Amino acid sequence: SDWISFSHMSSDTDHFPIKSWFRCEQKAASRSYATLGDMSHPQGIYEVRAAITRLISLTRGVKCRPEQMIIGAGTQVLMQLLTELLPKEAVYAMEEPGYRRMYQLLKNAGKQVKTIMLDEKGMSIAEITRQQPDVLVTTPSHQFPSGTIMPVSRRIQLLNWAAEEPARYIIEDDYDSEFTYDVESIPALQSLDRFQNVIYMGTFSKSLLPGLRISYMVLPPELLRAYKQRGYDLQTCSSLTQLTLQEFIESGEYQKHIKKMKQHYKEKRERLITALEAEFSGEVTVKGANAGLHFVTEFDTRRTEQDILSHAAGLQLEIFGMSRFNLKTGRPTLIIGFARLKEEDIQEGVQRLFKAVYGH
């Protein structure tokens, strides 16, 4: 059980300030103890929404009122809710390759879903123009899984597309947006939007811990009114978790945490890439490593993706292949996550990966 993790679905625990999180929980609990006997406001505790609002206004430039926000026990429960606010007959469009779980959720809900190939600037506007969908689902900070950072130019083009005819919506999934390495960070589509066509979605799974189960989305005014007319919804995110998060943010512990992890992840990513190129004698192609907590590696080998993956598991290496992200040759590509990866495991993990790819 000496497993090494190259997983893209994990967070670091070694440097997570668990004692501070617990201290924040105790403080938040004793301050709002009486409210724990009742359910949360359906959109989430107001003070907590206000704290997330100020945060994402500062870091992503997002423009909204806390009343527009809905928390949030996972992006999927929010997405589920979102599809019930949007027109029932809406045609969705997802990036290809992309998030298969969300693709499956949409298809399972009976929705028509188009897939849009990527170019060097991310989600192809030419393909969007051609296929004429209603609702875009896009990951601009770090394309999931390819890692492409959508430049401002393509962001404008998508925004121009949504604004020119009505009933066009853009779901901006800002997953993995906290960490941009040696490029400046870029404002959210939502921030650049002048016509309120963007639904901004965010999560704390990467910046904190995925098991905390706190996510959020920001609704355009008209979709917010559609939400309010339901009236039966209940909040799914834990009240204690909500209150703790607010204290964590407002006390400066979150900013302290992000500052530390930003440096840590950057140094670890650099060490890992140096180790990969040294072990593979530079016979590897690394893509999508300018932001986020994973990148893509292509190998020059006759071994199939499946057999490499099969051998990796026998080597107790947790790793996934690019075919996981197909919605619909001789260079297998894998996703290399490094969030959970222990610094002390870099060389051992990279050596195991070499044996998985080549057989020795």
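Start at 1 with the first residue shown and count on from there.
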Between residue 328 and residue 329 - deposited residues without coordinates, as a size class:
4 to 9
Entry-level comparison of average CA B-factors, 143 to 151 and 228 to 236, reporting the higher stretch
228 to 236
Please compare 242 to 250 with 277 to 285 and name the stretch with the higher mean C-alpha B-factor in the deposited structure.
277 to 285
In this PDB entry, which of 49, 302, 294, 41 has the top CA B-factor?
302
Whose C-alpha has the highest temperature factor in the PDB entry: 110, 202, 211, 98?
110
Residue 131: C-alpha B-factor third of its chain, per the entry, is the highest
Quick check for you: using the entry's CA B-factors within this chain, is residue 45 in the lowest, middle or highest third?
lowest
What third of the chain, by the recorded C-alpha B-factor, contains residue 10?
highest
Among the modelled residues of its chain, does the C-alpha B-factor of residue 92 lie in the lowest, middle or highest third?
middle
Could you place residue 178 in the lowest, middle or highest third of its chain by Cα temperature factor, using the values in the record?
middle
